[PDB]
Every structure is written in structure tokens, then in C-alpha cells.
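**Q** For reference, the file upload.tsv (TSV, C-alpha atoms) is included below:
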chain	number	residue	atom	x	y	z
A	161	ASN	CA	-10.21	-3.30	1.81
A	162	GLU	CA	-12.63	-5.95	0.57
A	163	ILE	CA	-10.01	-7.61	-1.65
A	164	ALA	CA	-7.67	-7.76	1.34
A	165	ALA	CA	-10.55	-9.09	3.44
A	166	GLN	CA	-11.36	-11.85	0.96
A	167	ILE	CA	-7.72	-12.91	0.70
A	168	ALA	CA	-7.64	-12.78	4.50
A	169	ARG	CA	-10.65	-15.05	5.00
A	170	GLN	CA	-10.55	-17.50	2.08
A	171	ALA	CA	-6.98	-18.00	0.88
A	172	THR	CA	-5.48	-21.42	1.42
A	173	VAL	CA	-2.38	-23.22	0.25
A	174	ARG	CA	-3.33	-26.48	-1.43
A	175	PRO	CA	-1.08	-29.32	-0.24
A	176	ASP	CA	-2.59	-32.12	-2.28
A	177	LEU	CA	-1.53	-30.99	-5.76
A	178	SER	CA	1.93	-30.08	-4.46
A	179	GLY	CA	2.46	-33.73	-3.56
A	180	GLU	CA	3.62	-33.72	0.05
A	181	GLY	CA	0.70	-35.31	1.90
A	182	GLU	CA	-0.76	-32.63	4.14
A	183	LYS	CA	-0.35	-30.68	7.32
A	184	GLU	CA	-3.01	-28.16	6.14
A	185	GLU	CA	-2.27	-25.47	8.71
A	186	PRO	CA	-4.32	-22.28	8.26
A	187	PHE	CA	-2.74	-18.86	8.26
A	188	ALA	CA	-1.90	-16.25	10.88
A	189	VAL	CA	-2.66	-12.62	10.12
A	190	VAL	CA	-0.48	-9.70	11.16
A	191	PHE	CA	-2.79	-6.80	10.34
A	192	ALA	CA	-0.99	-3.49	10.75
A	193	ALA	CA	-2.99	-0.39	9.91
A	194	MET	CA	-1.51	3.09	9.44
A	195	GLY	CA	-4.17	5.76	9.47
A	196	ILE	CA	-7.23	3.88	8.39
A	197	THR	CA	-10.08	6.09	9.32
A	198	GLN	CA	-12.85	4.42	11.31
A	199	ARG	CA	-15.03	2.79	8.71
A	200	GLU	CA	-12.31	0.58	7.25
A	201	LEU	CA	-11.37	-0.38	10.81
A	202	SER	CA	-14.96	-1.38	11.53
A	203	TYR	CA	-15.11	-3.38	8.31
A	204	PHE	CA	-11.86	-5.25	8.96
A	205	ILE	CA	-12.58	-6.17	12.56
A	206	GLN	CA	-16.15	-7.23	11.83
A	207	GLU	CA	-14.92	-9.27	8.86
A	208	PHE	CA	-12.36	-10.94	11.09
A	209	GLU	CA	-14.85	-11.73	13.84
A	210	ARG	CA	-17.26	-13.12	11.24
A	211	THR	CA	-14.62	-15.39	9.75
A	212	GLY	CA	-13.29	-16.18	13.24
A	213	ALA	CA	-9.70	-15.11	12.59
A	214	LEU	CA	-9.16	-13.05	15.75
A	215	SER	CA	-8.12	-16.15	17.68
A	216	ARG	CA	-5.07	-16.39	15.40
A	217	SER	CA	-4.24	-12.81	14.46
A	218	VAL	CA	-2.70	-9.59	15.73
A	219	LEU	CA	-3.60	-5.96	15.00
A	220	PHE	CA	-1.27	-2.99	15.21
A	221	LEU	CA	-3.79	-0.20	14.72
A	222	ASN	CA	-2.44	3.32	14.19
A	223	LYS	CA	-5.61	5.15	13.30
A	224	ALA	CA	-6.23	8.47	11.58
A	225	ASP	CA	-6.89	10.31	14.85
A	226	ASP	CA	-3.65	8.95	16.30
A	227	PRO	CA	-0.50	11.11	16.22
A	228	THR	CA	1.37	11.25	12.98
A	229	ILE	CA	4.97	10.17	13.61
A	230	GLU	CA	4.44	6.70	15.19
A	231	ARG	CA	3.52	5.56	11.66
A	232	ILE	CA	7.27	5.21	11.18
A	233	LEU	CA	7.39	2.65	13.97
A	234	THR	CA	4.20	0.71	13.20
A	235	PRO	CA	5.26	-1.53	10.24
A	236	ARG	CA	8.68	-2.36	11.65
A	237	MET	CA	7.08	-3.20	14.98
A	238	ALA	CA	4.58	-5.47	13.21
A	239	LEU	CA	7.17	-7.19	11.04
A	240	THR	CA	9.31	-7.85	14.10
A	241	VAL	CA	6.46	-9.99	15.45
A	242	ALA	CA	6.04	-11.44	11.96
A	243	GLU	CA	9.70	-12.52	11.80
A	244	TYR	CA	9.28	-13.88	15.32
A	245	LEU	CA	6.17	-16.00	14.73
A	246	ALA	CA	7.51	-17.25	11.41
A	247	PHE	CA	11.07	-18.14	12.32
A	248	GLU	CA	10.55	-19.52	15.80
A	249	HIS	CA	7.30	-21.49	15.54
A	250	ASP	CA	7.01	-22.74	11.89
A	251	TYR	CA	4.03	-20.66	10.82
A	252	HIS	CA	2.55	-19.32	7.60
A	253	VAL	CA	2.29	-15.66	8.54
A	254	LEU	CA	0.42	-13.38	6.14
A	255	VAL	CA	0.97	-9.69	6.83
A	256	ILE	CA	-1.50	-7.03	5.74
A	257	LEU	CA	0.30	-3.69	5.84
A	258	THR	CA	-2.54	-1.32	5.06
A	259	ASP	CA	-2.20	2.09	3.31
A	260	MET	CA	1.55	2.72	2.86
A	261	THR	CA	0.70	6.19	1.55
A	262	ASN	CA	0.28	7.41	5.14
A	263	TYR	CA	3.65	5.90	6.01
A	264	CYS	CA	5.19	7.79	3.14
A	265	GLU	CA	3.52	11.04	4.13
A	266	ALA	CA	4.84	10.64	7.68
A	267	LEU	CA	8.27	9.93	6.23
A	268	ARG	CA	7.94	13.06	4.10
A	269	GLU	CA	7.09	15.08	7.21
A	270	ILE	CA	10.10	13.83	9.16
A	271	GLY	CA	12.30	14.35	6.11
A	272	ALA	CA	11.16	17.92	5.56
A	273	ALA	CA	11.40	18.90	9.22
A	274	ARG	CA	15.14	18.13	8.93
A	275	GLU	CA	15.62	20.16	5.72
A	276	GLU	CA	16.75	17.08	3.78
A	277	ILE	CA	16.97	17.31	-0.02
A	278	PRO	CA	14.08	15.37	-1.54
A	279	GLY	CA	13.87	13.51	-4.79
A	280	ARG	CA	10.75	13.53	-6.91
A	281	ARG	CA	7.55	15.26	-5.72
A	282	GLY	CA	9.03	16.19	-2.37
A	283	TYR	CA	9.92	12.79	-1.06
A	284	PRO	CA	13.36	12.36	0.53
A	285	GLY	CA	16.07	10.17	-0.89
A	286	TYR	CA	16.25	7.56	1.87
A	287	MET	CA	12.65	6.52	1.22
A	288	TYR	CA	14.05	3.74	-0.94
A	289	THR	CA	16.13	2.36	1.94
A	290	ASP	CA	13.28	2.64	4.43
A	291	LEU	CA	10.73	0.95	2.19
A	292	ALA	CA	13.41	-1.67	1.57
A	293	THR	CA	13.87	-2.27	5.28
A	294	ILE	CA	10.13	-2.66	5.60
A	295	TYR	CA	9.61	-4.95	2.60
A	296	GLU	CA	12.66	-7.22	2.46
A	297	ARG	CA	12.15	-8.57	5.97
A	298	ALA	CA	10.02	-11.15	4.19
A	299	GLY	CA	10.44	-14.35	2.26
A	300	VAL	CA	11.25	-17.93	3.15
A	301	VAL	CA	14.34	-19.37	4.79
A	302	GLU	CA	16.06	-22.70	4.23
A	303	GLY	CA	14.98	-25.56	6.46
A	304	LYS	CA	12.57	-23.63	8.68
A	305	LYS	CA	8.96	-24.05	7.61
A	306	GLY	CA	8.01	-20.60	8.83
A	307	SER	CA	7.17	-18.11	6.12
A	308	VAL	CA	6.06	-14.52	5.57
A	309	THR	CA	3.82	-13.39	2.72
A	310	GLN	CA	3.01	-9.70	2.57
A	311	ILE	CA	0.20	-7.72	1.08
A	312	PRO	CA	1.07	-4.06	1.35
A	313	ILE	CA	-1.83	-1.91	0.19
A	314	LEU	CA	-0.82	1.16	-1.77
A	315	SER	CA	-3.02	4.09	-2.63
A	316	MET	CA	-1.81	5.63	-5.88
A	317	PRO	CA	-2.36	9.41	-5.63
A	318	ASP	CA	-3.30	10.23	-9.22
A	319	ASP	CA	-4.13	6.52	-9.84
B	2	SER	CA	-65.79	-46.21	-48.43
B	3	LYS	CA	-62.32	-47.72	-48.87
B	4	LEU	CA	-60.68	-44.30	-48.69
B	5	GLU	CA	-62.71	-43.29	-45.64
B	6	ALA	CA	-61.76	-46.63	-44.05
B	7	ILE	CA	-58.07	-46.06	-44.83
B	8	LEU	CA	-58.31	-42.55	-43.36
B	9	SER	CA	-59.99	-43.99	-40.24
B	10	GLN	CA	-57.17	-46.54	-39.88
B	11	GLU	CA	-54.64	-43.71	-40.22
B	12	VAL	CA	-56.60	-41.71	-37.62
B	13	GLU	CA	-56.40	-44.66	-35.22
B	14	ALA	CA	-52.64	-44.89	-35.85
B	15	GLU	CA	-52.32	-41.15	-35.16
B	16	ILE	CA	-54.36	-41.53	-31.95
B	17	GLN	CA	-52.04	-44.33	-30.81
B	18	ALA	CA	-49.01	-42.15	-31.64
B	19	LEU	CA	-50.53	-39.27	-29.66
B	20	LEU	CA	-51.16	-41.50	-26.63
B	21	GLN	CA	-47.58	-42.79	-26.83
B	22	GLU	CA	-46.22	-39.24	-27.08
B	23	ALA	CA	-48.29	-38.15	-24.07
B	24	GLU	CA	-47.03	-41.14	-22.05
B	25	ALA	CA	-43.39	-40.45	-23.01
B	26	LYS	CA	-43.78	-36.76	-22.14
B	27	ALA	CA	-45.26	-37.65	-18.74
B	28	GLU	CA	-42.39	-40.09	-18.08
B	29	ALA	CA	-39.71	-37.55	-19.02
B	30	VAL	CA	-41.43	-34.87	-16.92
B	31	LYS	CA	-41.56	-37.16	-13.87
B	32	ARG	CA	-37.89	-38.07	-14.37
B	33	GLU	CA	-36.86	-34.40	-14.60
B	34	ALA	CA	-38.95	-33.52	-11.53
B	35	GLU	CA	-37.35	-36.35	-9.54
B	36	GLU	CA	-33.85	-35.26	-10.60
B	37	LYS	CA	-34.55	-31.61	-9.73
B	38	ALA	CA	-36.00	-32.50	-6.31
B	39	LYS	CA	-33.03	-34.79	-5.57
B	40	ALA	CA	-30.49	-32.10	-6.50
B	41	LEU	CA	-32.36	-29.46	-4.48
B	42	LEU	CA	-32.67	-31.66	-1.38
B	43	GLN	CA	-28.98	-32.63	-1.60
B	44	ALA	CA	-27.94	-28.98	-1.95
B	45	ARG	CA	-30.12	-27.89	0.98
B	46	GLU	CA	-28.89	-30.69	3.27
B	47	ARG	CA	-25.25	-30.04	2.36
B	48	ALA	CA	-25.74	-26.30	2.97
B	49	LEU	CA	-27.30	-26.98	6.38
B	50	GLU	CA	-24.45	-29.34	7.32
B	51	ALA	CA	-21.79	-26.87	6.13
B	52	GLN	CA	-23.41	-23.99	8.03
B	53	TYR	CA	-23.54	-26.16	11.16
B	54	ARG	CA	-19.86	-27.08	10.74
B	55	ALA	CA	-18.76	-23.46	10.22
B	56	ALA	CA	-20.83	-22.25	13.18
B	57	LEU	CA	-19.39	-25.01	15.37
B	58	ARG	CA	-15.88	-24.03	14.25
B	59	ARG	CA	-16.45	-20.35	15.09
B	60	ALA	CA	-18.05	-21.29	18.43
B	61	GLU	CA	-15.13	-23.56	19.33
B	62	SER	CA	-12.71	-20.78	18.40
B	63	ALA	CA	-14.65	-18.40	20.68
Rewrite the structure from the file as C-alpha cells, please.
**A**
Amino acid sequence: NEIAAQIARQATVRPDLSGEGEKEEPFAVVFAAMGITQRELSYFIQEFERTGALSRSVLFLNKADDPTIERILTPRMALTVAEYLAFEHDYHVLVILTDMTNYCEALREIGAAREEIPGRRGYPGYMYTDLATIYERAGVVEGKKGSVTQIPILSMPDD
Amino acid sequence: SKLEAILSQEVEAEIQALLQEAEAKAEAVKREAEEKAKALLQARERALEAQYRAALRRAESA
């Protein structure tokens, strides 16, 4: 959380060594949280109000005490807005998708309610396609100076 | 008498060398103190100006 916070508050593209003059626009943070508990939530929002980023950022909070199936909608709903603000307004959107392990547990729950044959360690087969359709809505396009750079935070189970 | 006179002349030369060493040490100490105070005052003034700029930026954002 603190690594993501430091890259949220003090990361900056350097235009001068790239040799293009400058426009030096700061970032725009799409912070989408999937089952962060309360303490991490407190730390992220106080970090953002101390760096003053909440006048240029959006939060899709889906906390731990929230219901457990809307985690499937949260990242796609965030990255829709990310695609939007990148590719219609020439931005430099950075997207923090916190704790994908809760997304994958919710995907496991909806895969096992429908009896579907899982792969390794009880996760269903279409998890590849769904993590693909979360991740690969990102990159840069030709001509349009909008851009999306993602930090998804994983939590490795047995590290 | 000649050897005591030669030793007294050498003692006067050593006293002059000691006074010169004390003067050079005082000069180097004053130079180092001036450099340290200049660097500290510059760092403190730049920190105050940077804190004022960051607080004004956060206040304007608010």
C-alpha cells in the first residue's frame, strides 16, 4: 500500500531528457479497491488528501464489508472511465487496481456456483480470459496523447 | 653559551611557527564555520520556500 502510495504521489514523467520541450501535465489516478479492509482505505485516502490528489482522481471503493459479487464489476467499471478519460481528453491516467486476489476469489465463487470445471487449485478456466479483459484495456494508441498505465496489486497466497 | 644561544634562536623560530600554525588554524576554522552557516541558512530558507509553495498548491487545489 505504501509503495503504491509513493508511486501515486511522487511519480513524474520527465519531459526534458526525452527532448520534446514540455507540457509537464501531472497524472490522474483511477483508484479502484476490491475488498480493502478499513485501515488501508484510511491510509490511501489520507495519503491522497495530504498530497492533494483528490481534485484529480476517482475512487471505486468496494470494501471488505461490501457484498462479494460486485467485485466482478468493479475493475471493468473503473477501466471504462480510464479508457474514457484517456482517449477523449488526452490524459496520463494511472490506474491502481488494488488486491486482485479478492477479484479472483469472487471469480472462483461464481465459477463454483455454476459447477464449472476448474483448472489448478480450484480456479476456473476462463480466469485467463477475464484477467485478460481487465488488463489489456491498457496501453497507448497512435496519435492520441491519452495513455493508461496500470499498477495491479497482487497478493501471492504462499508468497 | 653558543649552543644555548643557538637553542634559543631555534626556540624563537619554533614559537613563530606555533603562532603561524595557530593563526592558520583560526582562519581555516572561521572559513569552515562561515561555509557551514551559509549552507544551513540556504537549506532552511529553501525548505521554508518549498513548504510555502506546496501548502499554497494544496490550498489552491482545495
**Q** Considering only C-alpha atoms, state which residue in the set A:183, A:210, A:199, A:169 is at the smallest distance from chain B.
**A**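 Under the stated criterion, the closest residue is A:210.
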**Q** Using the file's own x, y and z axes, what box holds all listed atoms of stretch 248-251 of chain A with 8 Å on each side, keeping edges along x, y and z, and what are its centre and edge lengths in Å to one decimal, as lines of an AutoDock Vina configuration file?
**A**
center_x = 7.3
center_y = -21.1
center_z = 13.3
size_x = 22.5
size_y = 19.2
size_z = 21.0
**Q** In Å to one decimal, how far is atom CA of residue A:252 from atom CA of residue A:308?
**A**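 Computed distance, atom CA of residue A:308 to atom CA of residue A:252, equals 6.3 Å.
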**Q** Considering only C-alpha atoms, give me a table of residues in chain B that are at most 9 Å from chain A, with the closest atom pair and distance in Å for each, as CSV.
**A**
residue,atom,partner,partner_atom,distance
B:58,CA,A:212,CA,8.3
B:59,CA,A:212,CA,5.5
B:60,CA,A:212,CA,8.7
B:62,CA,A:215,CA,6.6
B:63,CA,A:215,CA,7.5
**Q** How many Å lie between atom CA of residue A:266 and atom CA of residue A:298, rounded to one decimal?
**A**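 Going from atom CA of residue A:266 over to atom CA of residue A:298, I get 22.7 Å.
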**Q** When you look at residue A:233 with a cut-off of 12 Å (counting only C-alpha atoms), what residues show up, excluding the ones that are within fewer than 4 positions of it in the same chain? I need them as a PyMOL selection string.
**A** chain A and resi 192-194+220-222+227-229+237-240+263+266-267+290+293-294
**Q** Could you tell me how far atom CA of residue A:163 sits from atom CA of residue A:262, in Å to one decimal place?
**A** 19.4 Å
**Q** Counting all atoms listed in the file, what is within 9 Å of residue A:258, bar same-chain residues fewer than 4 positions away, as number ranges by chain?
**A** A: 161, 191-196, 311-314
**Q** Can I get N, CA and C atoms for stretch 45-63 of chain B, as a short mmCIF file (atom, residue, chain, number, x, y, z; two decimals), in the first residue's frame?
**A**
data_model
loop_
_atom_site.label_atom_id
_atom_site.label_comp_id
_atom_site.auth_asym_id
_atom_site.auth_seq_id
_atom_site.Cartn_x
_atom_site.Cartn_y
_atom_site.Cartn_z
N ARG B 45 17.67 26.04 5.00
CA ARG B 45 16.49 26.39 5.78
C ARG B 45 15.56 27.33 5.00
N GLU B 46 16.14 28.31 4.29
CA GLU B 46 15.32 29.23 3.50
C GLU B 46 14.66 28.53 2.32
N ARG B 47 15.40 27.62 1.66
CA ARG B 47 14.81 26.86 0.56
C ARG B 47 13.73 25.91 1.05
N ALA B 48 13.90 25.32 2.24
CA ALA B 48 12.88 24.45 2.80
C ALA B 48 11.62 25.23 3.17
N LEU B 49 11.79 26.44 3.73
CA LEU B 49 10.64 27.28 4.05
C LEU B 49 9.89 27.71 2.79
N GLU B 50 10.64 28.07 1.73
CA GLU B 50 10.00 28.48 0.48
C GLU B 50 9.29 27.30 -0.19
N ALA B 51 9.89 26.11 -0.14
CA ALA B 51 9.27 24.94 -0.75
C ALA B 51 8.03 24.50 0.01
N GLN B 52 8.06 24.59 1.34
CA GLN B 52 6.89 24.27 2.14
C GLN B 52 5.76 25.26 1.89
N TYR B 53 6.11 26.55 1.74
CA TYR B 53 5.11 27.56 1.41
C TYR B 53 4.50 27.31 0.04
N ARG B 54 5.32 26.92 -0.94
CA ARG B 54 4.82 26.65 -2.28
C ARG B 54 3.91 25.42 -2.31
N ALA B 55 4.29 24.36 -1.59
CA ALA B 55 3.47 23.15 -1.56
C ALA B 55 2.16 23.38 -0.81
N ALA B 56 2.20 24.16 0.27
CA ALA B 56 0.98 24.47 1.01
C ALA B 56 0.06 25.37 0.19
N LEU B 57 0.63 26.31 -0.57
CA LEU B 57 -0.18 27.16 -1.44
C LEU B 57 -0.79 26.35 -2.58
N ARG B 58 -0.06 25.35 -3.08
CA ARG B 58 -0.60 24.48 -4.12
C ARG B 58 -1.76 23.64 -3.60
N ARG B 59 -1.61 23.06 -2.40
CA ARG B 59 -2.69 22.26 -1.83
C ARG B 59 -3.89 23.13 -1.46
N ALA B 60 -3.65 24.36 -1.00
CA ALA B 60 -4.74 25.27 -0.67
C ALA B 60 -5.48 25.73 -1.92
N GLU B 61 -4.75 25.98 -3.01
CA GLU B 61 -5.40 26.35 -4.26
C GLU B 61 -6.19 25.19 -4.86
N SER B 62 -5.68 23.96 -4.70
CA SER B 62 -6.43 22.79 -5.12
C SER B 62 -7.72 22.64 -4.31
N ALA B 63 -7.65 22.89 -3.00
CA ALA B 63 -8.84 22.82 -2.16
C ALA B 63 -9.84 23.91 -2.53
#
